[PDB]
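Below you'll find the structure, written out as structure tokens, and then a few comments.
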Amino acid sequence: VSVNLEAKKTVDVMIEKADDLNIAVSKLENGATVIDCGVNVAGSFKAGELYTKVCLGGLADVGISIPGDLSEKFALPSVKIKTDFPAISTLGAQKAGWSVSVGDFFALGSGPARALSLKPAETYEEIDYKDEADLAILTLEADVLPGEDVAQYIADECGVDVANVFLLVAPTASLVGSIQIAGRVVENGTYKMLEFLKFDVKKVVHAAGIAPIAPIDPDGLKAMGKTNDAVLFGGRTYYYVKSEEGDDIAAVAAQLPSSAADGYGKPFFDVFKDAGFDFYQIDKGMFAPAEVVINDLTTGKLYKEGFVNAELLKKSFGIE
Amino acid sequence: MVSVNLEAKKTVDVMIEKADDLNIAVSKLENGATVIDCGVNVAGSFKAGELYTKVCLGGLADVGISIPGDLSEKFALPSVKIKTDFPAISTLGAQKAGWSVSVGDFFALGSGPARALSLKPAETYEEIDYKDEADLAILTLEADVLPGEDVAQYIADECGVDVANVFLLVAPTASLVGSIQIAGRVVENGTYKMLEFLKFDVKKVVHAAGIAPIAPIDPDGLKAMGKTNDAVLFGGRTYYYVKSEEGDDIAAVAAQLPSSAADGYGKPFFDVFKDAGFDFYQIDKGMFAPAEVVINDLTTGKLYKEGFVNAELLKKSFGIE
Amino acid sequence: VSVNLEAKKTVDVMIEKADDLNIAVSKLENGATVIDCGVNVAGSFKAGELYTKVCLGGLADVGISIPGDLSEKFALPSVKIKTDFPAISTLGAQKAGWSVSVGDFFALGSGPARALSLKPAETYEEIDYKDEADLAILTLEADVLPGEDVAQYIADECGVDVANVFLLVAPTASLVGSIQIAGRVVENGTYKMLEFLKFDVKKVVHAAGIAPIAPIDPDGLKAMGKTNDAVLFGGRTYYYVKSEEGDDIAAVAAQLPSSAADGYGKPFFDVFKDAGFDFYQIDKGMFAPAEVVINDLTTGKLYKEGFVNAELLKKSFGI
């Protein structure tokens with residue numbers, strides 16, 4: 001299964017329905033396409049949904065719901081994810097694993113083009129996947145549009161013609177930004193499983209999750225904080241795994257939630273501030289869902305750890 | 001400039017092709033207009049109600065019917081969810097029931113895209129800076145009987161289209177599609193209150209979403225009006241993403257918007273309407289508003305939340321403990 | 001409306017997208033099609049959704065929602081159903097009313113082929129429906145794939161050529177099993193209406209419901225238990241009915257939930273174990289949704305009976 005060929009099905013919908021989605025498609029002088037989903041345009045709920053689905057290599061279903069009840073409790077529009085290709089979609093494609101630095105353009109790149117450039121190499125080793133395709137689709141969290149030199153750099157790294165590169169872009173501080181980041185709820189768990197817990201994510205057979213769409217804050221530092229908090233305080237995840245002899249799934253579940261990290265307990269913006277706006281001072285294990293539920297198909301066991309913390313989410317977003 | 005009639009026609013064509021699957025009935029009038037019965041002599045269906053509602057929004061919103069996942073003892077009902085990235089155009093340019101249709105003994109409020117050709121009422125279109133241009137007109141009608149040839153001819157003439165290119169969708173208040181389409185007005189009730197009562201410029205609403213329960217169907221048209229209003233006024237949640245300008249007081253828009261800000265809030269609408277001697281004039285029109293309102297001001301990053309979903313009044317309205 | 005012809009629309013998507021859905025399509029030498037949705041394959045969320053839609057004869061919408069609000073409350077991925085053909089979809093097709101026993105293959109058969117073989121006959125009389133079709137589509141809750149003899153038995157019972165038989169199969173203990181059993185939340189109430197309450201289910205005009213996907217347990221008895229429990233402690237239903245003079249809809253509503261049954265209150269596995277693993281000692285009225293909501297369109301009345309029991313769901317699932 002090819003993440004670039006599969007994601008191209010959704011890129012084609014985005015391009016055909018650009019006007020309906022409040023996004024803007026441009027062609028660079030070299031033939032690459034840029035799809036502005038939030039820099040100079042508003043984007044839309046559906047554009048955010050489709051952008052997230054392209055980050056996932058087309059190997060997940062993405063929806064926007066309003067979960068929550070007939071009661072006084074706080075509820076928000078939320079992004080739900082379902083995937084039956086959990087390592088490939090979330091780590092082979094969605095993870096923002098490519099540092100894109102060209103002139104004054106700096107952004108983390110996500111999406112299926114990462115599975116042609118193999119960014120980073122160790123992820124593709126561990127999930128035993130690589131793509132083969134003649135087009136490359138990357139999504140970029142950035143406050144400006146990339147130009148011709150960024151497209152050429154991505155083309156060369158992916159081994160494709162630059163006229164076959166497609167770049168989707170939206171700032172952190174946009175609706176599409178809030179949606180795509182909430183849509184990383186499942187990814188934050190599989191990456192913590194792989195990098196921090198040393199759990200083999202090829203064992204995760206199915207996965208789903210949901211996290212709220214953070215309010216959009218025009219300050220990019222504040223938007224980083226509120227969008228991370230959406231996942232960390234508001235996210236729920238469900239992983240269906242096939243354990244093997246010697247695995248300790250109860251420990252994986254207990255270790256996974258954001259609350260197991262050191263420095264947990266404050267809105268991200270405040271954590272990052274306490275840390276001197278420096279990542280060396282931050283436990284990256286904090287980047288994880290609020291709540292983790294794991295069904296081990298090998299034993300029939302169900303584990304539930306963490307919980308959604310509505311008080312900390314409301315603190316983050318500025319409401320009582 | 002997007003056309004609400006041409007966009008809604010994509011959904012009308014699915015309703016026509018799938019009419020038997022949807023439990024609705026399409027007829028052709030002798031003057032060539034099309035009538036789509038979604039509840040007068042037919043049962044309609046969940047999907048008919050979804051699609052009816054999408055047509056009322058001009059095709060410029062997504063509409064779903066959710067069955068809530070809530071593993072607790074709390075009361076929960078099937079609900080209508082709305083998402084729109086054209087908020088004033090979809091909800092006010094199309095959805096709002098701004099046309100009083102009175103022809104012989106047929107009387108109903110007309111909603112949907114045809115309003116944006118007949119400009120009903122004029123001030124809405126001036127304030128949202130939108131008018132359609134189309135050679136067909138689609139109107140939905142909350143009525144207990146099917147409209148005939150003269151009603152279609154009147155709508156065609158007011159819309160400046162040929163009557164053969166008129167499409168009328170009809171469902172009683174007291175029907176499944178009536179409860180769905182009125183729950184689907186959850187976002188509209190806030191945008192119209194912003195425009196008409198709070199004098200807020202709704203062209204500043206960039207995105208909007210909302211959800212409201214589907215009221216139980218009561219065969220008494222006056223009781224059905226009360227229960228379906230109550231679904232929004234007590235059960236509706238709304239989410240408005242706005243771009244404020246200097247001098248706006250978004251905190252005050254948020255606080256002023258919910259149904260509970262109105263005088264007379266606090267009883268089922270049937271009882272409010274009766275205590276008021278069944279006359280719309282004795283009613284605070286600010287009462288027609290969502291239960292809960294959340295506003296994200298994109299200009300500042302602020303989040304505001306006002307009002308609340310009132311389960312006790314939904315249960316009282318619907319007759320359950 | 002033909003439940004076989006309508007379900008074939010979904011079968012065709014399952015066939016075309018088999019690799020994308022982690023299911024396996026095979027053809028037997030006699031030309032029948034077997035679609036393995038969980039025996040030797042993982043299946044998927046979308047396979048389970050489409051399997052459940054095929055069980056309902058294509059006459060319902062099925063979704064998988066990822067509920068999970070902003071609170072400490074337990075929430076699980078759940079299956080939602082909406083239907084405007086409630087007796088035909090849930091009893092004429094979905095109900096697992098056909099005992100399939102051929103050699104050492106034993107399973108209950110669900111889906112549209114039941115409306116050709118008329119299994120059982122009384123259901124088709126009471127709902128006033130029968131199909132007419134030249135293909136037959138059956139779903140089977142089984143731990144092994146059926147072979148040519150099972151396909152030929154189905155073909156002959158349904159009056160079709162075996163080359164036009166389609167069998168979908170998944171074990172109880174699989175993702176598709178958990179999904180398709182949670183998808184029976186509305187059927188559990190319509191069957192109990194017809195069989196236990198003697199209520200005429202042709203009066204149900206619309207219906208919807210939702211139940212959680214149970215955790216998958218590889219023990220088939222424990223899987224039977226946990227997937228039952230998803231509906232009987234976790235399921236909500238909504239029936240829109242048209243009562244007539246003489247009907248007592250308040251009594252229907254009160255008598256329908258799982259909690260009105262004898263032996264209610266323990267996870268099903270434990271109920272069943274106490275019963276000596278014998279369906280004779282079990283009140284089958286316990287196979288009902290946890291919560292029942294009825295709107296009587298003739299009167300405008302709303303009734304709500306039963307309730308979701310999150311503590312017993314948690315007990316059943318071991319958390």
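The way I read the labels, and the way they are meant: chains A, B, ... in the order of the structure tokens, residue 1 as the first residue of every chain, and ligand 1 as the first ligand shown, with later ones counted on from there.
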Near residue B:137, counting only C-alpha atoms, which residues have an atom at most 12 Å away, once you skip same-chain residues fewer than 5 positions from it, shown as a ChimeraX atom specification? /B:3-9,12,33-34,55-56,58,94,110-119,132,152-169
Give me the residues within 10 Å of residue A:168 as a PyMOL selection string, counting only C-alpha atoms and dropping any in the same chain fewer than 4 places off. chain A and resi 11+14+23-25+33-38+51+54-55+109-111+137-142+145-146
Create the file for the chosen residues now, containing N, CA and C atoms and written as a tab-separated table (two decimals), in the first residue's frame.
```
chain	number	residue	atom	x	y	z
A	11	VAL	N	-6.01	14.58	-1.92
A	11	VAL	CA	-5.49	15.84	-2.47
A	11	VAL	C	-6.36	16.21	-3.72
A	14	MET	N	-9.41	17.91	-2.61
A	14	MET	CA	-9.12	19.25	-2.13
A	14	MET	C	-8.90	20.23	-3.24
A	23	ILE	N	-9.91	27.20	0.44
A	23	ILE	CA	-8.43	27.04	0.37
A	23	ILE	C	-8.03	27.51	-1.00
A	24	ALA	N	-6.73	27.70	-1.24
A	24	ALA	CA	-6.27	28.26	-2.47
A	24	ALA	C	-5.15	27.40	-3.04
A	25	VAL	N	-5.31	27.00	-4.28
A	25	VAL	CA	-4.34	26.13	-4.96
A	25	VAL	C	-3.55	27.05	-5.86
A	33	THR	N	2.68	22.02	-6.84
A	33	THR	CA	1.41	22.66	-6.38
A	33	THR	C	1.50	22.95	-4.92
A	34	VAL	N	1.03	24.16	-4.58
A	34	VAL	CA	0.89	24.53	-3.14
A	34	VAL	C	-0.61	24.74	-2.85
A	35	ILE	N	-1.04	24.11	-1.75
A	35	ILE	CA	-2.41	24.24	-1.37
A	35	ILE	C	-2.43	24.96	-0.01
A	36	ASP	N	-2.81	26.27	-0.07
A	36	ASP	CA	-2.86	27.11	1.08
A	36	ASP	C	-4.17	26.77	1.84
A	37	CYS	N	-4.04	26.21	3.04
A	37	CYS	CA	-5.17	25.87	3.84
A	37	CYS	C	-5.35	26.79	5.04
A	38	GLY	N	-4.58	27.86	5.12
A	38	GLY	CA	-4.75	28.79	6.25
A	38	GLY	C	-3.86	30.03	6.40
A	51	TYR	N	-7.03	17.64	5.12
A	51	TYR	CA	-5.61	17.86	5.42
A	51	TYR	C	-5.10	16.80	6.38
A	54	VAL	N	-4.79	13.48	4.71
A	54	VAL	CA	-3.59	13.43	3.87
A	54	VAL	C	-2.38	13.28	4.79
A	55	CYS	N	-2.32	13.93	5.95
A	55	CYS	CA	-1.17	13.71	6.87
A	55	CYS	C	-1.06	12.22	7.19
A	109	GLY	N	7.64	19.06	8.45
A	109	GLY	CA	6.89	18.45	7.37
A	109	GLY	C	6.37	17.13	7.88
A	110	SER	N	5.09	16.89	7.57
A	110	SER	CA	4.36	15.68	7.85
A	110	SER	C	3.84	15.08	6.51
A	111	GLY	N	3.41	13.82	6.62
A	111	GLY	CA	2.65	13.26	5.50
A	111	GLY	C	3.47	12.33	4.64
A	137	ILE	N	3.66	14.01	-1.47
A	137	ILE	CA	2.69	14.97	-0.85
A	137	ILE	C	3.16	15.19	0.61
A	138	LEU	N	3.42	16.47	0.90
A	138	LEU	CA	3.86	16.83	2.22
A	138	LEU	C	2.94	17.93	2.76
A	139	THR	N	2.72	17.87	4.07
A	139	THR	CA	1.98	18.95	4.75
A	139	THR	C	2.92	19.68	5.69
A	140	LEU	N	2.71	20.99	5.78
A	140	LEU	CA	3.69	21.90	6.44
A	140	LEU	C	2.91	22.81	7.41
A	141	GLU	N	3.27	22.78	8.66
A	141	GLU	CA	2.80	23.72	9.66
A	141	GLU	C	3.67	24.97	9.61
A	142	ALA	N	3.14	26.01	9.01
A	142	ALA	CA	3.95	27.21	8.70
A	142	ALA	C	3.11	28.43	8.53
A	145	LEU	N	3.80	30.74	2.86
A	145	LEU	CA	3.76	29.67	1.86
A	145	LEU	C	5.18	29.37	1.42
A	146	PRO	N	5.49	28.12	1.16
A	146	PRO	CA	6.80	27.73	0.56
A	146	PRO	C	6.89	28.07	-0.89
```
Tell me the residues of chain A close to chain B, meaning within 9 Å using only C-alpha atoms, as a PyMOL selection string. chain A and resi 19-22+42-46+64-77+173-175+215-219+222-223+317-320
Output N, CA, C and O atoms for every residue in the selection just made, as a short mmCIF file (atom, residue, chain, number, x, y, z; two decimals), in the first residue's frame.
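Once written, selection_6.cif looks like this:
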```cif
data_model
loop_
_atom_site.label_atom_id
_atom_site.label_comp_id
_atom_site.auth_asym_id
_atom_site.auth_seq_id
_atom_site.Cartn_x
_atom_site.Cartn_y
_atom_site.Cartn_z
N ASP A 19 -12.59 25.99 -3.81
CA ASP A 19 -13.45 27.15 -3.55
C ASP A 19 -14.48 26.86 -2.47
O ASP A 19 -14.77 27.70 -1.63
N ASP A 20 -15.00 25.64 -2.54
CA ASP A 20 -16.00 25.16 -1.54
C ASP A 20 -15.39 25.04 -0.15
O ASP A 20 -16.06 25.09 0.86
N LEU A 21 -14.05 24.83 -0.12
CA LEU A 21 -13.30 24.57 1.11
C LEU A 21 -12.55 25.79 1.67
O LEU A 21 -11.96 25.69 2.79
N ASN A 22 -12.68 26.91 1.00
CA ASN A 22 -11.98 28.12 1.36
C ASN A 22 -10.44 27.88 1.46
O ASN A 22 -9.82 28.31 2.42
N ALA A 42 -9.12 31.29 4.85
CA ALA A 42 -9.71 30.88 6.08
C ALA A 42 -9.63 29.39 6.35
O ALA A 42 -9.64 28.96 7.48
N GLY A 43 -9.56 28.63 5.26
CA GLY A 43 -9.84 27.19 5.37
C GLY A 43 -11.24 26.93 5.96
O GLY A 43 -12.14 27.76 5.82
N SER A 44 -11.46 25.71 6.34
CA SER A 44 -12.79 25.23 6.71
C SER A 44 -12.74 23.97 7.54
O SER A 44 -11.62 23.36 7.61
N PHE A 45 -13.82 23.57 8.15
CA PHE A 45 -13.81 22.29 8.80
C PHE A 45 -13.42 21.18 7.89
O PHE A 45 -12.59 20.31 8.26
N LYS A 46 -14.06 21.12 6.72
CA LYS A 46 -13.78 20.00 5.77
C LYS A 46 -12.33 20.10 5.30
O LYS A 46 -11.69 19.03 5.16
N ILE A 64 -15.12 15.21 11.98
CA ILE A 64 -15.29 16.28 12.89
C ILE A 64 -16.66 16.14 13.53
O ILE A 64 -17.69 16.27 12.83
N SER A 65 -16.72 15.88 14.84
CA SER A 65 -17.93 15.66 15.60
C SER A 65 -18.16 16.74 16.59
O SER A 65 -17.28 17.55 16.82
N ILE A 66 -19.29 16.70 17.30
CA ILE A 66 -19.45 17.42 18.59
C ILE A 66 -19.87 16.57 19.78
O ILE A 66 -21.04 16.47 20.06
N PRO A 67 -18.91 15.87 20.40
CA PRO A 67 -19.24 14.79 21.32
C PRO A 67 -19.75 15.39 22.62
O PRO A 67 -19.81 16.57 22.67
N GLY A 68 -20.13 14.64 23.62
CA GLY A 68 -20.63 15.41 24.76
C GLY A 68 -22.13 15.49 24.82
O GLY A 68 -22.84 15.09 23.91
N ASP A 69 -22.63 16.02 25.92
CA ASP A 69 -23.92 15.57 26.32
C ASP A 69 -25.03 16.63 26.53
O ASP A 69 -24.89 17.78 26.23
N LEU A 70 -26.18 16.19 26.99
CA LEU A 70 -27.23 17.13 27.37
C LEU A 70 -27.01 17.49 28.83
O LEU A 70 -27.68 16.99 29.71
N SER A 71 -26.04 18.34 29.06
CA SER A 71 -25.71 18.71 30.40
C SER A 71 -24.94 19.98 30.41
O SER A 71 -24.59 20.51 29.33
N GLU A 72 -24.60 20.42 31.62
CA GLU A 72 -23.87 21.62 31.79
C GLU A 72 -22.38 21.52 31.40
O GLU A 72 -21.62 22.51 31.38
N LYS A 73 -21.88 20.31 31.13
CA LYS A 73 -20.41 20.14 30.95
C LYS A 73 -19.94 20.79 29.66
O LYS A 73 -20.68 20.80 28.66
N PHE A 74 -18.75 21.35 29.66
CA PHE A 74 -18.07 21.95 28.50
C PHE A 74 -17.87 20.87 27.41
O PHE A 74 -17.45 19.71 27.65
N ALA A 75 -18.16 21.26 26.19
CA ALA A 75 -18.05 20.41 24.99
C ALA A 75 -17.55 21.26 23.88
O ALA A 75 -17.94 22.41 23.72
N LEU A 76 -16.73 20.70 22.99
CA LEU A 76 -16.25 21.37 21.75
C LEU A 76 -16.31 20.53 20.52
O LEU A 76 -16.21 19.26 20.66
N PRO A 77 -16.38 21.12 19.33
CA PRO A 77 -16.11 20.39 18.09
C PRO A 77 -14.78 19.64 18.25
O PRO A 77 -13.84 20.18 18.88
N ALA A 173 -1.76 28.71 14.09
CA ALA A 173 -2.85 29.61 14.43
C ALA A 173 -3.86 29.78 13.28
O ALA A 173 -4.06 30.83 12.68
N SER A 174 -4.56 28.68 13.00
CA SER A 174 -5.64 28.65 12.01
C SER A 174 -6.58 27.53 12.34
O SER A 174 -6.27 26.65 13.13
N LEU A 175 -7.78 27.54 11.79
CA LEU A 175 -8.71 26.42 12.05
C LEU A 175 -8.13 25.08 11.62
O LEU A 175 -8.23 24.09 12.32
N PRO A 215 -9.37 26.43 20.58
CA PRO A 215 -9.56 27.79 20.09
C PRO A 215 -8.30 28.32 19.41
O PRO A 215 -7.21 27.96 19.80
N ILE A 216 -8.50 29.13 18.40
CA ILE A 216 -7.46 29.69 17.54
C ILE A 216 -6.96 30.97 18.12
O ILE A 216 -7.69 31.90 18.27
N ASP A 217 -5.68 30.96 18.44
CA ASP A 217 -5.04 32.13 19.05
C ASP A 217 -4.03 32.70 18.06
O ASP A 217 -3.20 31.93 17.57
N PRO A 218 -4.09 34.00 17.71
CA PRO A 218 -3.21 34.53 16.64
C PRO A 218 -1.74 34.57 17.04
O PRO A 218 -0.88 34.70 16.16
N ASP A 219 -1.46 34.49 18.34
CA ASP A 219 -0.04 34.44 18.84
C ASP A 219 0.50 33.01 18.61
O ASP A 219 -0.07 32.03 19.12
N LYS A 222 1.21 31.03 21.84
CA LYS A 222 -0.08 30.67 22.52
C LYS A 222 -0.81 29.55 21.77
O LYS A 222 -1.42 28.66 22.44
N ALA A 223 -0.77 29.62 20.40
CA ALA A 223 -1.46 28.59 19.57
C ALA A 223 -0.77 27.26 19.76
O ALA A 223 -1.42 26.21 19.87
N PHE A 317 -7.58 27.21 27.90
CA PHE A 317 -8.30 27.96 26.91
C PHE A 317 -8.84 29.29 27.49
O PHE A 317 -9.41 30.07 26.70
N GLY A 318 -8.71 29.51 28.80
CA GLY A 318 -9.11 30.77 29.36
C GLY A 318 -10.56 30.92 29.78
O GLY A 318 -11.10 32.05 29.81
N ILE A 319 -11.21 29.82 30.08
CA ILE A 319 -12.53 29.94 30.55
C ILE A 319 -12.65 29.27 31.94
O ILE A 319 -11.93 28.36 32.37
N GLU A 320 -13.65 29.74 32.67
CA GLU A 320 -14.03 29.18 33.98
C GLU A 320 -14.90 27.90 33.77
O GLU A 320 -14.80 26.95 34.56
#
```
Could you pull out all residues of stretch 160-197 of chain B with a DSSP call of strand (DSSP E) and give them as number ranges by chain? B: 166-171
Expected answer as a ChimeraX atom specification: chain C residues within 10 Å of chain A, only C-alpha atoms: /C:19-22,42-46,64-77,173-175,214-219,222-223,226,314,317-319
If you keep C-alpha atoms, can you produce a file of those selected residues as an mmCIF file, in the first residue's frame?
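Written file, again_22.cif:
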```cif
data_model
loop_
_atom_site.group_PDB
_atom_site.id
_atom_site.type_symbol
_atom_site.label_atom_id
_atom_site.label_comp_id
_atom_site.auth_asym_id
_atom_site.auth_seq_id
_atom_site.Cartn_x
_atom_site.Cartn_y
_atom_site.Cartn_z
ATOM 1 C CA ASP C 19 -7.271 -5.216 0.673
ATOM 2 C CA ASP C 20 -7.983 -1.749 2.069
ATOM 3 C CA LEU C 21 -10.399 -3.323 4.662
ATOM 4 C CA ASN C 22 -8.043 -6.155 5.742
ATOM 5 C CA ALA C 42 -7.666 -8.734 11.056
ATOM 6 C CA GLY C 43 -10.649 -6.998 9.484
ATOM 7 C CA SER C 44 -11.074 -3.328 10.282
ATOM 8 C CA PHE C 45 -13.488 -0.703 11.577
ATOM 9 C CA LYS C 46 -14.902 -0.123 8.125
ATOM 10 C CA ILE C 64 -18.605 3.893 14.037
ATOM 11 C CA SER C 65 -18.371 6.828 16.332
ATOM 12 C CA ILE C 66 -15.574 7.693 18.547
ATOM 13 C CA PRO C 67 -17.406 9.098 21.472
ATOM 14 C CA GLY C 68 -15.440 10.555 24.315
ATOM 15 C CA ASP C 69 -16.460 13.782 25.882
ATOM 16 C CA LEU C 70 -14.526 16.082 28.101
ATOM 17 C CA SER C 71 -14.851 14.334 31.435
ATOM 18 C CA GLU C 72 -13.575 11.435 33.395
ATOM 19 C CA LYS C 73 -16.505 9.297 32.251
ATOM 20 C CA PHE C 74 -15.733 5.925 30.582
ATOM 21 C CA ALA C 75 -16.218 6.104 26.711
ATOM 22 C CA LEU C 76 -15.577 3.547 23.979
ATOM 23 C CA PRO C 77 -15.730 3.392 20.148
ATOM 24 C CA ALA C 173 -13.743 -12.949 19.098
ATOM 25 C CA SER C 174 -12.710 -10.412 16.389
ATOM 26 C CA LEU C 175 -13.083 -6.657 15.803
ATOM 27 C CA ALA C 214 -16.662 -4.657 23.379
ATOM 28 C CA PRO C 215 -13.006 -5.448 23.954
ATOM 29 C CA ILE C 216 -11.969 -8.505 21.997
ATOM 30 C CA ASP C 217 -11.399 -11.621 24.137
ATOM 31 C CA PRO C 218 -9.842 -14.691 22.326
ATOM 32 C CA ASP C 219 -11.888 -17.086 24.482
ATOM 33 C CA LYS C 222 -15.788 -14.762 27.205
ATOM 34 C CA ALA C 223 -16.245 -12.991 23.837
ATOM 35 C CA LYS C 226 -18.525 -9.255 26.658
ATOM 36 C CA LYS C 314 -16.736 -1.917 33.453
ATOM 37 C CA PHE C 317 -14.758 -5.709 30.676
ATOM 38 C CA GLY C 318 -12.492 -6.084 33.770
ATOM 39 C CA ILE C 319 -11.803 -2.366 34.552
#
```
Write out as an MDAnalysis selection string the set of residues from stretch 64-255 of chain B that DSSP, computed on the backbone, places in helix (DSSP H, G or I). chainID B and resid 87:95 115:118 122:128 149:159 163:165 176:183 186:197 202:204 221:235 250:255
